[PDB]
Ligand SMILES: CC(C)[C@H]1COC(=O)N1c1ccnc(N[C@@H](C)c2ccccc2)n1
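A lone chain, given as structure tokens: the form solved without the ligand.
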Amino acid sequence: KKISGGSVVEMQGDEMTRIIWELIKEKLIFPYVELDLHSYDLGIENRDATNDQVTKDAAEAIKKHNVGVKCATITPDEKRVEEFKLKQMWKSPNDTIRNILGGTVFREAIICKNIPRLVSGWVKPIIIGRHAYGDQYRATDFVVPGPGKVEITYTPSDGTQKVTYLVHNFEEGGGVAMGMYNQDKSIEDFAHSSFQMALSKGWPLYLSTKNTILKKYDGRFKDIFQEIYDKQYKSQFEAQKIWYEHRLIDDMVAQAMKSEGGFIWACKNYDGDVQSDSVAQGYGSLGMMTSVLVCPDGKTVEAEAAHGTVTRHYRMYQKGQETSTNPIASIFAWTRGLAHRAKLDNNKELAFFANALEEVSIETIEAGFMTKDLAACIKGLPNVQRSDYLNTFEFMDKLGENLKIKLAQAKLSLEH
């Protein structure tokens, strides 16, 4: 009776998103879909117990099975070490997974007709390609305890030369220092996936850098995009009446803010992290955004919610208080992962189910059933009352109700 879904790597998360994750599988996915499921618990406690090995195992599973769907996870700092009694301050599971997989994370809002934006002009989608490799997420940082010299050096593999650059000589007191890097091959994959996304969408492409400040580091990104564009993409762009343009990041954020949308924005790793949260909130909620890592092999993807574990909501959950937390981004992690699974396997029954769940989610909200974040978009936050929204479970229950109806109607249809 259930759809045969194939192999999926599932990564369990923390706090409020872990609660939603279990409700998605129980209500939305498992009743209709049977999966060969490789489950990795990335909850903070299991990562601590495995010395973060479960995270690297999960990344290797995604390479093997080509599809993974990830819940948001805690990245610990000193406060989390004290809260959970951790052995170490573990690195972000996302940093580890993206470092191993590589590629570009494409992030885009999920639009409902009845939800007012915070930014008046965006009538079309903004799609951020976020380079998923290197920079601050692979970096090496340390505290400078006192006076002394920090240098960064490059030694070729043959060991026949050494280049030493002075970072800073600390004359009095200490500070911080860090190295970071990126790679030409990853930059080229990032460029290709950006131009290909623009052509698939019929939309212009913009790349943002600081190249006036980092002339070598950011100038490399700019050069590689320009060279790949001129050689391989430019005739196809003009044929679709679109263009590619590099801008300084600050000009770019101002242009995007005042634009009508409808463009692809290639972002360096850190910029794509921050701006995608600004963009998601600007369209009205961090809970309404898709995030899909498209790996360079053209086969493997990892779908996820780009927002965090929603700690403040989890604290209320721990007290038995009602929570209204937006599940949509977490649900679209599953739908986007299953859609790609169905595409790899040419599974029409699964491809239909994935799209059906996405339509149900939008239709439910557009019919007036929503969590508190979205009711705050329509009214003001100060004007919202309990009767204006559903709690987290009521909303999942409504979605489950409407999903059963949509799948029932499909079975009764002639198309079937």
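In case it trips you up, residue 1 is the first one in the sequence shown, and so on.
This next part talks about the form deposited with the ligand bound, which is not shown.
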Is this site open or blocked for the ligand? Place it by superposing the surrounding C-alphas onto its pose in the deposited complex, then apply the 2.4 Å backbone/C-beta contact test with a threshold of 3 atoms. blocked
Applying a 4.5 Å heavy atom distance criterion, does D189 contact the ligand in the deposited complex? no
If you check in the deposited complex, is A280 within 4.5 Å of the ligand, heavy atoms only? yes
Might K124 be said to contact the ligand in the deposited complex, defining contact as any heavy atom within 4.5 Å? yes
Interface membership of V176, the ligand in the deposited complex, 4.5 Å heavy atom rule: no
Which among 193 to 201, 111 to 119, 147 to 155, 333 to 341 is in contact with the ligand in the deposited complex, heavy atoms within 4.5 angstroms? 111 to 119
